[PDB]
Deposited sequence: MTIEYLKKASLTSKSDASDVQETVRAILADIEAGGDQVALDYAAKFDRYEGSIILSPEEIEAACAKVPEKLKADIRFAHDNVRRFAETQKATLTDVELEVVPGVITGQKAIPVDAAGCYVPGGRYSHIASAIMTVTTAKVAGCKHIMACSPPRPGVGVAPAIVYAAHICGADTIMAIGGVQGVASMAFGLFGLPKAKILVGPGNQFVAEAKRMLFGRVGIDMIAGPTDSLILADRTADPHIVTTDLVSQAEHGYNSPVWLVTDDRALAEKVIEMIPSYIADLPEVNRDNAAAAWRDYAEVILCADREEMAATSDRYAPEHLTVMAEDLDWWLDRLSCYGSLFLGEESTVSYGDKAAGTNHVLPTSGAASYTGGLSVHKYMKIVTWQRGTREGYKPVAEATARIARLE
């Protein structure tokens, strides 16, 4: 009503926004609409640094050059410890295969995520340790692309020790951007970067908020090629109308005939289930069918979709088990701060019982993971 701002905060007011989140959402939405440029605008405004956002190799050399050899020696020693510890941890996450029942093989794998973003608030000693842990653990984890960002100091750039640590510990990209804009830049794959799948590293409450919002918190997908039995594919897609209030489902195939025949068969099958308004509604709100050219196309699609439930009804099940990388529970065949943080745990199973072994069954129940 009245209120008169005798001061006014240059980033947490009202007449700027009401709440930390109102700001954070506003900013993320702005950056998401705008892209590289709106990110850059926020960076300029908040960080006040007019050097490049992604450090060029020369800048890295110049940064590393400013680090006393004593501090470098220290950093390599801390690095040594962390990476040795992490590779220990990583040995415990070996692939498993268990014939739970004769004829049925269940497995697990630890898969590294594509890209990790590591936020570093600055160049303090605690921050250098932070940067080492995060970049080193993410590297040993096997992430294909690691970004380290730190809010620059004006005219100074990224704290030089942060640059050194990031570099020796395995960071693919070193970024001069902080806070909400920085987090978004990694999250959204701005500036030609890949989309960070995990984002680790301490930060102030704006940074913590965008992160809870962006990375905090059941899809189903069926991969089928021309050999898939159109009856079974349509049956499965229909049974996604039991727990299918929500529950998106995708069909990824390389065969036109199959897909069109399935959209075809839906009216006959939806009809033959209380349920059968549900099912129909679900189908055209959530279900999606995608045509592919070759099998690699299907697999890459599947991966970028990272489905919670994955069924493979195609030839060469061995290939599909080898290739596919992002899923929750994979069923092959119609007849069906620590390294851990940077990894998917994926579970798969193939086959159907080719006999009966009650002792072995019960032993499996008792065992599990």
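S.K.: Quickly check which stretches of the deposited sequence aren't in the model, judged by C-alpha, and list them in order.
M.R.: Model skips 218 to 226, 283 to 284, 348 to 373, 407 of the deposited chain.
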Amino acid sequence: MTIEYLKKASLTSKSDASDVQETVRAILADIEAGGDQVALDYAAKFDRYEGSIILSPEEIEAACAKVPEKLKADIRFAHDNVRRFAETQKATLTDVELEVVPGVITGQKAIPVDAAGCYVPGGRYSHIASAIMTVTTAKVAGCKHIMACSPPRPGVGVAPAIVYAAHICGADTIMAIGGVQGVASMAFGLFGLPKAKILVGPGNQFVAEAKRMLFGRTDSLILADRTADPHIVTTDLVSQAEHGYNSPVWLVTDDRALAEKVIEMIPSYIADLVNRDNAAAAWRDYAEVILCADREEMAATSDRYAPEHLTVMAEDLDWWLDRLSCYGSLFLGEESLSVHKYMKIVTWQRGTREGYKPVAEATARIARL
From here on, numbers count along this sequence of modelled residues.
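S.K.: Out of 199 to 207 and 225 to 233, which stretch has the higher average CA B-factor listed in the record?
M.R.: Per the deposited B-factors, the answer is 225 to 233.
S.K.: Mean CA temperature factor from the deposited coordinates, higher in 82 to 90 or in 169 to 177?
M.R.: Per the PDB entry, the higher value belongs to 82 to 90.
S.K.: Among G117, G122, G142, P267, which residue carries the highest C-alpha B-factor recorded in the PDB entry?
M.R.: So the option with the highest C-alpha B-factor is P267.
S.K.: Which listed residue, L193, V274, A299, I132, has the largest C-alpha temperature factor in the record?
M.R.: In this record, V274 carries the highest C-alpha B-factor of the candidates.
S.K.: Using only modelled residues of the chain, where does the Cα B factor of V67 rank: lowest third, middle third or highest third?
M.R.: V67: CA B-factor falls in the lowest third of its chain.
S.K.: According to the PDB entry, is the CA B factor of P152 in the bottom, middle or top third of its chain, that is, lowest, middle or highest?
M.R.: Within its chain, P152 is a middle-third residue by C-alpha B-factor, going by the deposited values.
S.K.: Determine, from the deposited record, the chain-internal third of the Cα B-factor for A17: lowest, middle or highest.
M.R.: It belongs to the highest third of the chain when residues are ordered by C-alpha B-factor.
S.K.: Divide the modelled residues of the chain into thirds by Cα B-factor and specify which third, lowest, middle or highest, holds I345.
M.R.: CA B-factor rank for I345: middle third.
S.K.: Lowest, middle or highest third: which one holds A44 when the chain's residues are ordered by CA B-factor from the entry?
M.R.: Highest third of the chain for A44's C-alpha B-factor.
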